[PDB]
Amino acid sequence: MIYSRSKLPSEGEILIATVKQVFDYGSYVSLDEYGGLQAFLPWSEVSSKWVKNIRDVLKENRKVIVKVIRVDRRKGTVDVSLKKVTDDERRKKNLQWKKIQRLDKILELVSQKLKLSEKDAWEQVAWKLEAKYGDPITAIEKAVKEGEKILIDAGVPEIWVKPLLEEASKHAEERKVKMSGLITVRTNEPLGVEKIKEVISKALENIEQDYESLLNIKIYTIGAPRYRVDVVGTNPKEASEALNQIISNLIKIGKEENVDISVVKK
């Protein structure tokens, strides 16, 4: 399961919870992100006056996305909305959720591995990363590319980071796919190859920073006038997107230094 350093959520936040019992007034639910922090969903925040049947709309153990709109720091009282929740955060919280499930599993792995527990794994990894650079799920994919400095620059206690990086790099290489375009470069200059290498570098410069997903890129030569571009990352859009941004920059920066570069029309 998922634990949380903050026992009580912030107001307006979008979370995820699994129905436990849709009995009386509304429906009682449990936020799986706080360990099972028992929340609550008033019937008035389901749908509309569209002839409501909360008996089936919310079924036992059906995980759904809500939004906290009521918080009392006495006992609990965590009233949440359903359809009055921003239905674009529908894709938002759903996607982050995928990454949170990922984090849990990889956390469970490393933790169950050595003499750790889910209690300690979060308490020493996710917690400390939360206090460094936003959500850990994204700061972890950052560490695997930069090194082991990322986790010590968060507070992580010494030499159990490596198990994390060894196990995290596992899941990333599993979900490997490649998007590759085709170009042709033919420039005639005093130092042609020097320009060819220089312009490709100008285009590629600062692309992995904006497009966060990729692991590595290779613009190697295939023929003599034609060259291949390879992008390998863990995201469909990111790959095909970054790939085109590269190629567009190749053409744009190309004519700036008199380097003819065109995308193969095949």
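Note that residue numbering follows the sequence shown and begins at 1.
**Q** Averaging the C-alpha B factors as listed in the entry, name the stretch that ends up higher: 218 to 226 or 204 to 212.
**A** Comparing 218 to 226 with 204 to 212, the higher mean C-alpha B-factor belongs to 204 to 212.
**Q** Decide which of the stretches 121 to 129 and 81 to 89 has the higher mean C-alpha B-factor, going by the entry.
**A** The recorded data point to 81 to 89.
**Q** Report the option among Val51, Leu37, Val199, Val231 whose CA atom has the maximum B-factor in the deposited record.
**A** Going by the entry's C-alpha B-factors, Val51 comes out highest.
**Q** Could you place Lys195 in the lowest, middle or highest third of its chain by Cα temperature factor, using the values in the record?
**A** Its C-alpha B-factor, which the entry lists for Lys195, ranks in the lowest third among residues of this chain.
**Q** Give the position of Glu146 by CA B-factor within its chain, expressed as the lowest, middle or highest third.
**A** For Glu146, the deposited C-alpha B-factor lands in the middle third.
**Q** Determine, from the deposited record, the chain-internal third of the Cα B-factor for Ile2: lowest, middle or highest.
**A** Its C-alpha B-factor belongs to the lowest third of this chain's values.
**Q** Among all modelled residues of this chain, ranked by Cα B factor, put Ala139 in the bottom, middle or top third, i.e. lowest, middle or highest.
**A** Ranked within chain, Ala139 CA B lands in the middle tercile.
**Q** When the modelled residues of the chain are sorted by Cα temperature factor, does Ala239 land in the lowest, middle or highest third?
**A** Its C-alpha B-factor belongs to the lowest third of this chain's values.
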